[PDB]
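S.K.: Have a look at this one.
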Ligand SMILES: [Cl-]
Ligand SMILES: [Cl-]
């Protein structure tokens, strides 16, 4: 197991524009296209991302390309973030993937705000961090996914994905 497989399980794969859990236009493997309510805006953003006139449909290879770019950006956003970097550096390989997942889903800014949990993760207080991460809208809106992530942070293993 790795970050790619992990997120592919959490995000799924869809080749046609769709609405995510928040109602926003997305495509491929959880690639957010736009927060705007306009499907045209979504289609414009898609074409621009892909470099071709798509008509809201891409190929599996295209989805994967978007995916790699997106995983790369998440890691990079973590590395450049003063609140995130130190946490990520203090963690083991498994748990770093859990942090990347949260970043991919929530955004750098969103994750950077879990101050208290961040601090708990840094101290390696697993059970405590797990409890604190659960007190959040994130857990409340997407409980199954959050549970998977939180378990990964608590155990340092891939059990929740097997
Ligand atoms: Cl892009
Ligand atoms: Cl869920």
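Per the header: X-ray crystallography, 1.9 Å.
Yeah, the Cβs are placed from backbone N, Cα and C, and that goes for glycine too.
Checked Swiss-Prot, it gives:
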- 11: active site, proton donor/acceptor (ACT_SITE)
- 20: active site, proton donor/acceptor (ACT_SITE)
- 32, 104, 117, 132: substrate binding site (BINDING)
S.K.: Among the active-site residues listed here, 11, 20, which has the most company in the form of other Cβ atoms within 10 Å of its Cβ?
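M.R.: The largest 10 Å Cβ neighbour count belongs to 11.
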S.K.: In angstrom units, rounded to an integer, how far apart are the Cα atoms of residue 117 (substrate binding site) and residue 20 (active site, proton donor/acceptor)?
M.R.: 26
S.K.: Measuring Cα to Cα, how many angstrom lie between residue 104 (substrate binding site) and residue 11 (active site, proton donor/acceptor)?
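M.R.: A Cα-Cα distance of 10 Å.
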S.K.: For residue 132 (substrate binding site), which residues of its chain lie six or more apart in sequence with Cβ-Cβ distance below 8 Å?
M.R.: 114, 116, 117, 120
S.K.: Roughly how many Å lie between the Cα atoms of residue 11 (active site, proton donor/acceptor) and residue 20 (active site, proton donor/acceptor), rounded to a whole value?
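M.R.: Given the Cα positions, residue 11 (active site, proton donor/acceptor) is 9 Å from residue 20 (active site, proton donor/acceptor).
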S.K.: Near the Cβ of residue 104 (substrate binding site), how many other Cβ atoms are there if near means within 10 Å?
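M.R.: Step by step: centre on the Cβ of residue 104 (substrate binding site), count other Cβ atoms within 10 Å, giving 26.
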S.K.: Sorted by position, what residues of the same chain at least six away from residue 32 (substrate binding site) have a C-beta under 8 A from it?
M.R.: 20, 24, 25, 26
S.K.: Just checking a number: largest C-alpha distance across 32, 104, 117, 132 for the substrate site, rounded to a whole Å.
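M.R.: Output for substrate binders 32, 104, 117, 132: max Cα distance 27 Å.
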S.K.: Based on DSSP, name the secondary structure state of residue 104 (substrate binding site): helix, strand or coil.
M.R.: helix
